[PDB]
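Chemist: What follows is a single structure, and I will ask about it in a moment.
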Amino acid sequence: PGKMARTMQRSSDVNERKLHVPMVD
Amino acid sequence: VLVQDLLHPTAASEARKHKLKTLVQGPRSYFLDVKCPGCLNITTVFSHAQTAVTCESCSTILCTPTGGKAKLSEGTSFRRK
Amino acid sequence: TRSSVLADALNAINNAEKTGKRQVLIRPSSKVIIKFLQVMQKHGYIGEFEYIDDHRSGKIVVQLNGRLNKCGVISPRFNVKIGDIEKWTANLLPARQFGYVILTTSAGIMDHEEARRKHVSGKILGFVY
Amino acid sequence: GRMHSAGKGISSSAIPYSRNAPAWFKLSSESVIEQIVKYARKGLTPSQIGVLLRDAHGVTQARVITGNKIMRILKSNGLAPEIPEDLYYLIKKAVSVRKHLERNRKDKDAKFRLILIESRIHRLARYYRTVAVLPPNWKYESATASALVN
Amino acid sequence: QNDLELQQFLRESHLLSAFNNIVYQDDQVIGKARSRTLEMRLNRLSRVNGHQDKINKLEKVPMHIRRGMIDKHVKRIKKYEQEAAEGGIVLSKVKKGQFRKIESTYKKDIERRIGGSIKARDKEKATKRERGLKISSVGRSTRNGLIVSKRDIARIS
RNA sequence: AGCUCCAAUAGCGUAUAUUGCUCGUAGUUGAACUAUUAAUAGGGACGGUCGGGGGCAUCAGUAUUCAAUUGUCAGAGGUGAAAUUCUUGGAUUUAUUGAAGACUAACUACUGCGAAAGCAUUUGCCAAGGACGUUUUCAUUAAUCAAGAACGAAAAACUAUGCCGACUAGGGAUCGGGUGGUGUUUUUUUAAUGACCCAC
Ligand SMILES: [Zn+2]
């Protein structure tokens with residue numbers, strides 16, 4: 001319960017951090 | 001009904017109160033030694049008798065049950081107990 | 001209808017006492033109720049009681065002064081040992097020294113103080129305070 | 001309670017304190033045994049037999065005038081019952097009401113009261129089967145009723 | 001019952017009778033009738049959103065004369081109720097607090113100097129009777145006595 | 001003076017999140033007691049009753065509608081006033097019968113009876129039911145019910161609402177039965193020993 005919630009907070013956080021800006025190569 | 005002991009209740013109250021709510025439940029009917037002049041015969045009769053009891057020797061109607069206590073037929077000499 | 005005879009009798013006495021009468025008709029009787037009234041008498045929670053006999057199941061009459069605050073009966077008659085007597089007394093009764101709880105042991109029907117005195121335990125009936 | 005109904009009207013005859021014979025009574029054990037067994041050969045119901053005793057024969061109660069109860073007397077003499085008189089009477093009333101239903105089909109009054117009497121009979125037959133004086137496969141029907149009352 | 005003229009006429013239906021013995025409109029009404037109508041209109045229209053004290057402050061009168069008035073009025077109402085129920089009539093069913101409302105009270109205008117009901121007894125019946133303090137901190141009370149759960153036994157034993 | 005003040009000072013803020021009716025089956029509750037009782041537990045019988053309780057015919061009240069017979073001949077109806085309609089082959093109306101199809105008023109309510117919807121003339125026939133009363137019978141056979149079943153005319157509703165209870169006492173009223181007294185009212189060798197007063 002709490003473990004699932006804390007891992008959810010970390011995972012949603014770092015997913016938001018790994019999504020980034022578009023770029024043309 | 002005003003207020004009373006429950007231990008040894010007064011005899012007037014034991015008679016006036018319902019016979020199931022008194023201290024020891026018990027009856028109120030009794031028996032009658034009745035004599036019929038058809039043979040000058042004596043019979044033992046219940047006071048709330050449930051059938052038309054007839055005399056042993058002669059065929060005379062003694063009483064018909066009318067509700068609680070019976071009415072003896074006319075011309076029979078009765079005595080309590 | 002018939003919930004249990006112990007519950008019926010004790011509801012009758014506590015009802016009439018909290019109203020404030022002085023003589024109560026409890027009917028019918030039982031030996032567990034007789035010893036219940038006996039221990040309540042010996043701690044002085046009532047006045048004096050009497051078994052009136054009618055040969056089916058007798059009547060019980062009580063003269064009680066004023067002291068019955070509240071007393072009842074537990075439904076699941078479980079097991080207790082003596083540390084559980086401590087925990088149960090504290091969690092059931094009003095306060096620490098107050099009231100009594102009544103036990104059915106191998107030495108029959110008596111409260112927890114004489115029970116701890118005689119070193120027994122058993123099933124539990126109810127409580128008086 | 002007034003089972004399968006709603007009243008509280010008490011209909012109970014009380015019981016005396018003393019369990020002996022009264023004084024002015026002058027009839028003996030075997031003599032009332034004679035009268036009860038002659039009544040059993042006549043063919044009435046033991047309840048009514050004790051009734052006509054306490055009306056006519058002065059017997060205040062049969063068990064206390066002879067330490068064996070009325071059913072003990074009948075089982076002793078061999079006049080034992082086949083099914084108890086209460087269930088016999090309920091069966092008779094049930095088959096009478098079924099006859100009324102057959103003659104006048106549209107009587108929902110008789111329908112519902114027939115449902116209630118058969119409920120009562122289911123309960124009482126469950127008891128008589130558990131004590132098992134009754135054969136433990138007694139399954140009531142209208143033909144069984146008409147054969148036991150006819 | 002959403003209409004405006006209808007219900008005002010409906011609750012003024014006894015006032016116009018009392019001050020008449022039909023001019024029921026708002027121009028042919030004249031005098032005492034009109035005064036009482038205006039009072040009752042503003043009464044309801046302020047009662048729907050006000051504080052009930054300053055809405056209906058009851059006008060002052062010494063204690064024995066007001067109690068004599070309310071005694072006489074309840075006596076008349078009771079004799080009226082008895083004559084109706086003896087020679088069977090129907091009547092408007094009212095709540096247990098207030099009195100009746102008769103042509104007597106409408107004409108004689110007694111509501112303002114006696115009131116709807118005994119306000120003290122009104123608050124008395126509205127408050128909740130005080131029970132005992134909870135000692136039984138473990139189980140559930142029932143007619144059968146205490147019931148203590150096996151959850152509780154697994155908690156304690 | 002480098003505006004003023006305050007808090008941590010080896011730590012520190014920010015943000016998110018938190019602390020209908022009745023039967024009845026499982027389950028649940030469920031008399032005293034060391035050929036026992038018979039619980040102001042339950043069933044049963046019997047005696048007298050009670051009821052606009054139920055099914056089946058049966059007899060009847062009026063009213064309405066139609067038909068027919070006679071009466072005098074000029075409107076009848078309905079509405080706020082109107083109108084549709086009927087009314088020289090005699091409308092409506094008065095008298096006579098006749099017939100059909102619904103309802104059984106005044107008595108009618110402070111109620112009775114049914115589990116509920118429901119329930120009002122008569123006499124029969126049939127079959128159920130409550131309560132009373134019994135020194136009558138059995139022997140705990142009782143109870144709360146979820147699933148299943150039976151019963152319920154089926155435009156309807158539109159100001160109504162009083163805390164609740166394992167509930168203590170009560171009072172005047174009723175309805176039904178019994179117990180007793182007391183006199184009336186009754187009547188008496190003949191037919192139903194009923195009504196009223198009061199205490200229980
Ligand atoms: Zn003779």
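Every chain in the structure tokens has a letter given in the order shown (A, B, ...), and although residue numbers restart at 1 in each chain, ligands are simply numbered from 1 in the order shown.
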Near segment 99-115 of chain C, counting only C-alpha atoms (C1' of nucleotides), which residues have an atom at most 8 Å away, once you skip same-chain residues fewer than 2 positions from it, shown as a list in words?
Modeler: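 Everything that qualifies: residues 32, 35, 36, 39, 85, 89, 93, 94, 97, 117, 118, 119, 120, 121, 122, 123, 124, 125, 126, 127, 128 and 129 of chain C.
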Chemist: For the residues selected in the previous step, produce a file with N, CA, C and O atoms as a short mmCIF file (atom, residue, chain, number, x, y, z; two decimals), in the first residue's frame.
Modeler:
data_model
loop_
_atom_site.label_atom_id
_atom_site.label_comp_id
_atom_site.auth_asym_id
_atom_site.auth_seq_id
_atom_site.Cartn_x
_atom_site.Cartn_y
_atom_site.Cartn_z
N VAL C 32 -28.58 -21.05 39.00
CA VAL C 32 -27.57 -20.04 38.68
C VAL C 32 -28.05 -18.66 39.13
O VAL C 32 -27.28 -17.87 39.69
N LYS C 35 -27.65 -18.46 43.00
CA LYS C 35 -26.31 -18.14 43.46
C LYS C 35 -25.90 -16.73 43.05
O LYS C 35 -25.11 -16.08 43.75
N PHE C 36 -26.46 -16.23 41.95
CA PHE C 36 -26.22 -14.85 41.55
C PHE C 36 -26.77 -13.90 42.61
O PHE C 36 -26.09 -12.96 43.05
N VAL C 39 -24.53 -14.15 45.85
CA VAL C 39 -23.28 -13.39 45.87
C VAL C 39 -23.56 -11.89 45.88
O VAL C 39 -22.86 -11.11 46.54
N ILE C 85 -8.17 -12.30 33.88
CA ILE C 85 -9.07 -11.72 34.87
C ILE C 85 -8.68 -10.28 35.15
O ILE C 85 -9.54 -9.40 35.21
N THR C 89 -11.19 -7.37 34.03
CA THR C 89 -11.74 -6.53 35.08
C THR C 89 -11.51 -5.06 34.77
O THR C 89 -12.44 -4.24 34.84
N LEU C 93 -15.17 -3.36 33.97
CA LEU C 93 -15.77 -2.68 35.09
C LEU C 93 -15.54 -1.18 34.96
O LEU C 93 -14.73 -0.75 34.14
N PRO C 94 -16.30 -0.35 35.71
CA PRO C 94 -16.05 1.11 35.71
C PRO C 94 -14.61 1.53 35.97
O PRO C 94 -13.97 2.09 35.07
N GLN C 97 -10.86 -0.74 41.57
CA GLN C 97 -11.37 -1.61 42.62
C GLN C 97 -12.87 -1.82 42.52
O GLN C 97 -13.43 -2.55 43.34
N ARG C 117 -8.41 -15.58 45.18
CA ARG C 117 -8.03 -16.03 46.51
C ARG C 117 -7.88 -17.55 46.56
O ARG C 117 -6.97 -18.07 47.21
N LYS C 118 -8.78 -18.27 45.90
CA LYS C 118 -8.72 -19.73 45.89
C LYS C 118 -7.89 -20.30 44.75
O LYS C 118 -7.79 -21.53 44.65
N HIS C 119 -7.33 -19.45 43.88
CA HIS C 119 -6.48 -19.87 42.76
C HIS C 119 -7.22 -20.81 41.81
O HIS C 119 -6.90 -21.99 41.70
N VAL C 120 -8.25 -20.27 41.16
CA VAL C 120 -8.95 -20.95 40.08
C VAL C 120 -9.16 -19.97 38.93
O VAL C 120 -8.69 -18.83 38.97
N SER C 121 -9.84 -20.45 37.90
CA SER C 121 -10.26 -19.68 36.73
C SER C 121 -11.40 -20.46 36.10
O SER C 121 -11.72 -21.57 36.53
N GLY C 122 -12.02 -19.91 35.06
CA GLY C 122 -13.04 -20.68 34.39
C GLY C 122 -13.79 -19.96 33.30
O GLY C 122 -13.19 -19.22 32.51
N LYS C 123 -15.09 -20.19 33.22
CA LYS C 123 -15.95 -19.45 32.32
C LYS C 123 -16.52 -18.25 33.06
O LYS C 123 -16.50 -18.17 34.29
N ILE C 124 -17.05 -17.30 32.30
CA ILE C 124 -17.46 -16.01 32.84
C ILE C 124 -18.96 -15.88 32.65
O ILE C 124 -19.51 -16.32 31.64
N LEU C 125 -19.65 -15.38 33.68
CA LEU C 125 -21.08 -15.15 33.54
C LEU C 125 -21.36 -13.70 33.19
O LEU C 125 -21.85 -13.39 32.10
N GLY C 126 -21.03 -12.79 34.10
CA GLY C 126 -21.36 -11.40 33.93
C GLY C 126 -20.69 -10.53 34.97
O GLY C 126 -19.60 -10.86 35.45
N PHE C 127 -21.34 -9.45 35.37
CA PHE C 127 -20.68 -8.42 36.16
C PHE C 127 -21.71 -7.72 37.01
O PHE C 127 -22.88 -7.60 36.63
N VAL C 128 -21.26 -7.24 38.16
CA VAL C 128 -22.10 -6.46 39.06
C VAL C 128 -21.35 -5.20 39.47
O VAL C 128 -20.18 -5.26 39.87
N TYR C 129 -22.01 -4.05 39.33
CA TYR C 129 -21.56 -2.79 39.90
C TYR C 129 -22.75 -1.85 40.06
O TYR C 129 -22.80 -1.06 41.01
#
Chemist: Please return as a PyMOL selection string: the residues of chain D that backbone DSSP assigns to helix (DSSP H, G or I).
Modeler: chain D and resi 29-42+46-57+62-65+70-77+85-103+108-131+142-148
Chemist: With a distance cut-off of 12 Å and only C-alpha atoms (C1' of nucleotides), select the neighbouring residues of segment 77-86 of chain E, excluding the residue or stretch itself and same-chain residues fewer than 6 positions from it, and output the selection as an NGL selection string.
Modeler: (:E and (70-71 or 92-93 or 98-105)) or (:F and (109-110))
Chemist: Given a cut-off of 10 Å, which residues of chain D touch chain C, counting only C-alpha atoms, written out as a PyMOL selection string?
Modeler: chain D and resi 1+15-17
Chemist: Calculated over only C-alpha atoms (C1' of nucleotides), which of the candidates F:185, F:156, F:71, F:16 has the smallest distance to chain A?
Modeler: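 Under the stated criterion, the closest residue is F:16.
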Chemist: Based on only C-alpha atoms, which of the residues in chain C come within 8 Å of chain B? I want them as a PyMOL selection string.
Modeler: chain C and resi 23-25+52-54+61
Chemist: Near chain D, which residues of chain B fall within 6 Å when you count only C-alpha atoms, and what do they look like as a PyMOL selection string?
Modeler: chain B and resi 25-27+44-46+49
Chemist: What would the file look like if the residues just selected were written as an mmCIF file, in the first residue's frame with C-alpha atoms?
Modeler:
data_model
loop_
_atom_site.group_PDB
_atom_site.id
_atom_site.type_symbol
_atom_site.label_atom_id
_atom_site.label_comp_id
_atom_site.auth_asym_id
_atom_site.auth_seq_id
_atom_site.Cartn_x
_atom_site.Cartn_y
_atom_site.Cartn_z
ATOM 1 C CA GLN B 25 -51.754 -20.567 40.531
ATOM 2 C CA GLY B 26 -54.768 -22.741 41.267
ATOM 3 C CA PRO B 27 -58.426 -23.463 40.552
ATOM 4 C CA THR B 44 -70.637 -36.058 42.364
ATOM 5 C CA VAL B 45 -70.742 -33.092 39.983
ATOM 6 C CA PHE B 46 -68.087 -30.778 38.545
ATOM 7 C CA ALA B 49 -68.910 -29.688 33.846
#
Chemist: If the limit is 7 Å from any atom of ligand 1, counting only C-alpha atoms (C1' of nucleotides) and all ligand atoms, which residues qualify? Return them as a list in words.
Modeler: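 Result of the 7 Å neighbour search around ligand 1: residues 36, 37, 38, 39, 40, 41, 55, 56, 57 and 58 of chain B.
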Chemist: Give me a file of those residues, with N, CA and C atoms, as a tab-separated table (two decimals), in the first residue's frame.
Modeler:
chain	number	residue	atom	x	y	z
B	36	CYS	N	-81.04	-36.13	43.32
B	36	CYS	CA	-82.18	-36.16	42.42
B	36	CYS	C	-83.29	-37.03	43.01
B	37	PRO	N	-84.53	-36.53	42.95
B	37	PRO	CA	-85.65	-37.25	43.58
B	37	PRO	C	-86.22	-38.39	42.76
B	38	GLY	N	-85.71	-38.63	41.55
B	38	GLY	CA	-86.20	-39.74	40.75
B	38	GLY	C	-85.92	-41.10	41.37
B	39	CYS	N	-84.82	-41.23	42.11
B	39	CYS	CA	-84.55	-42.43	42.88
B	39	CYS	C	-83.97	-42.07	44.24
B	40	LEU	N	-84.02	-40.79	44.62
B	40	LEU	CA	-83.33	-40.24	45.79
B	40	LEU	C	-81.84	-40.61	45.73
B	41	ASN	N	-81.18	-40.10	44.69
B	41	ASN	CA	-79.83	-40.52	44.35
B	41	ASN	C	-78.85	-39.36	44.45
B	55	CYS	N	-77.98	-39.46	35.76
B	55	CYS	CA	-77.95	-40.33	36.93
B	55	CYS	C	-77.74	-41.79	36.50
B	56	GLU	N	-77.26	-42.60	37.45
B	56	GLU	CA	-76.93	-43.99	37.13
B	56	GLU	C	-78.19	-44.85	37.04
B	57	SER	N	-79.11	-44.69	37.99
B	57	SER	CA	-80.30	-45.54	38.02
B	57	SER	C	-81.38	-45.04	37.07
B	58	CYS	N	-81.87	-43.82	37.30
B	58	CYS	CA	-82.96	-43.26	36.50
B	58	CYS	C	-82.42	-42.27	35.49
Chemist: Give me the chain F side of the contact with chain C, cut-off 7 Å, one line per residue showing its nearest atom pair and distance in Å at one decimal, counting only C-alpha atoms (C1' of nucleotides), sorted by chain and residue number, as a Markdown table.
Modeler:
| residue | atom | partner | partner_atom | distance |
| --- | --- | --- | --- | --- |
| F:29 | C1' | C:3 | CA | 6.5 |
| F:30 | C1' | C:2 | CA | 6.4 |
| F:32 | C1' | C:57 | CA | 4.5 |
| F:37 | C1' | C:56 | CA | 5.9 |
| F:39 | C1' | C:57 | CA | 6.5 |
| F:143 | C1' | C:1 | CA | 5.5 |
| F:168 | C1' | C:19 | CA | 6.6 |
Chemist: When you look at residue 89 of chain D with a cut-off of 12 Å (counting only C-alpha atoms (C1' of nucleotides)), what residues show up, excluding the ones that are within fewer than 6 positions of it in the same chain? I need them as a list in words.
Modeler: residues 45, 83, 95, 96, 117, 121, 145, 148 and 149 of chain D; 43, 44, 45 and 137 of chain F
Chemist: Produce a file of the selected residues containing N, CA and C atoms (P, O5', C5', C4', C3', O3' and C1' of nucleotides), as a PDB file, in the first residue's frame.
Modeler:
ATOM      1  N   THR D  45     -62.107 -40.365  23.122  1.00  0.00           N
ATOM      2  CA  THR D  45     -60.770 -39.808  23.233  1.00  0.00           C
ATOM      3  C   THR D  45     -60.378 -39.638  24.690  1.00  0.00           C
ATOM      4  N   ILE D  83     -51.001 -42.928  16.113  1.00  0.00           N
ATOM      5  CA  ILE D  83     -50.443 -41.591  15.968  1.00  0.00           C
ATOM      6  C   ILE D  83     -51.137 -40.796  17.064  1.00  0.00           C
ATOM      7  N   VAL D  95     -58.471 -32.621   6.344  1.00  0.00           N
ATOM      8  CA  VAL D  95     -59.163 -33.293   5.246  1.00  0.00           C
ATOM      9  C   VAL D  95     -60.589 -32.764   5.111  1.00  0.00           C
ATOM     10  N   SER D  96     -61.191 -32.317   6.218  1.00  0.00           N
ATOM     11  CA  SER D  96     -62.496 -31.669   6.123  1.00  0.00           C
ATOM     12  C   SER D  96     -62.405 -30.371   5.324  1.00  0.00           C
ATOM     13  N   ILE D 117     -52.508 -24.674   8.410  1.00  0.00           N
ATOM     14  CA  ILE D 117     -52.647 -25.916   9.172  1.00  0.00           C
ATOM     15  C   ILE D 117     -51.636 -26.948   8.686  1.00  0.00           C
ATOM     16  N   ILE D 121     -48.798 -28.844  10.837  1.00  0.00           N
ATOM     17  CA  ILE D 121     -48.688 -30.293  10.784  1.00  0.00           C
ATOM     18  C   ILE D 121     -47.276 -30.705  10.393  1.00  0.00           C
ATOM     19  N   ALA D 145     -55.189 -39.531   4.881  1.00  0.00           N
ATOM     20  CA  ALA D 145     -56.144 -38.899   5.785  1.00  0.00           C
ATOM     21  C   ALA D 145     -57.511 -39.564   5.703  1.00  0.00           C
ATOM     22  N   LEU D 148     -57.346 -42.943   7.386  1.00  0.00           N
ATOM     23  CA  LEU D 148     -57.166 -42.944   8.836  1.00  0.00           C
ATOM     24  C   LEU D 148     -58.374 -42.375   9.576  1.00  0.00           C
ATOM     25  N   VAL D 149     -59.144 -41.493   8.933  1.00  0.00           N
ATOM     26  CA  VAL D 149     -60.447 -41.075   9.452  1.00  0.00           C
ATOM     27  C   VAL D 149     -61.587 -41.807   8.720  1.00  0.00           C
TER      28      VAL D 149
ATOM     29  P     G F  43     -50.064 -22.121  20.281  1.00  0.00           P
ATOM     30  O5'   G F  43     -50.398 -23.652  20.019  1.00  0.00           O
ATOM     31  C5'   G F  43     -50.281 -24.199  18.718  1.00  0.00           C
ATOM     32  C4'   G F  43     -50.103 -25.697  18.737  1.00  0.00           C
ATOM     33  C3'   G F  43     -51.380 -26.512  18.834  1.00  0.00           C
ATOM     34  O3'   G F  43     -52.085 -26.618  17.612  1.00  0.00           O
ATOM     35  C1'   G F  43     -49.824 -27.350  20.380  1.00  0.00           C
ATOM     36  P     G F  44     -53.659 -26.281  17.567  1.00  0.00           P
ATOM     37  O5'   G F  44     -54.329 -27.469  18.388  1.00  0.00           O
ATOM     38  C5'   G F  44     -54.138 -28.817  17.994  1.00  0.00           C
ATOM     39  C4'   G F  44     -54.761 -29.792  18.962  1.00  0.00           C
ATOM     40  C3'   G F  44     -56.200 -29.539  19.365  1.00  0.00           C
ATOM     41  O3'   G F  44     -57.148 -29.879  18.369  1.00  0.00           O
ATOM     42  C1'   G F  44     -54.950 -30.137  21.265  1.00  0.00           C
ATOM     43  P     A F  45     -58.585 -29.152  18.335  1.00  0.00           P
ATOM     44  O5'   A F  45     -59.461 -29.986  19.366  1.00  0.00           O
ATOM     45  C5'   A F  45     -59.521 -31.400  19.291  1.00  0.00           C
ATOM     46  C4'   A F  45     -60.071 -31.969  20.565  1.00  0.00           C
ATOM     47  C3'   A F  45     -61.378 -31.354  21.010  1.00  0.00           C
ATOM     48  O3'   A F  45     -62.490 -31.911  20.341  1.00  0.00           O
ATOM     49  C1'   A F  45     -59.897 -31.430  22.839  1.00  0.00           C
ATOM     50  P     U F 137     -55.410 -34.316  31.851  1.00  0.00           P
ATOM     51  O5'   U F 137     -55.122 -34.361  30.287  1.00  0.00           O
ATOM     52  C5'   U F 137     -55.445 -35.511  29.522  1.00  0.00           C
ATOM     53  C4'   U F 137     -54.788 -35.474  28.166  1.00  0.00           C
ATOM     54  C3'   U F 137     -53.282 -35.274  28.161  1.00  0.00           C
ATOM     55  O3'   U F 137     -52.564 -36.469  28.398  1.00  0.00           O
ATOM     56  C1'   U F 137     -54.271 -33.827  26.585  1.00  0.00           C
TER      57        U F 137
END
Chemist: At what distance in Å, to one decimal, does atom CA of residue 48 of chain B lie from atom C1' of residue 195 of chain F?
Modeler: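 Between atom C1' of residue 195 of chain F and atom CA of residue 48 of chain B the gap works out to 24.9 Å.
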Chemist: Could you pull out the residues in chain C that DSSP calls strand (DSSP E or B) from the backbone, as a VMD selection string?
Modeler: chain C and resid 23 to 26 48 to 52 59 to 63 71 to 74 79 100 to 105 108 to 111 122 to 128
Chemist: Could you please tell me, as a PyMOL selection string, which residues of chain F have an atom within 9 Å of chain E when using only C-alpha atoms (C1' of nucleotides)?
Modeler: chain F and resi 160-162+166
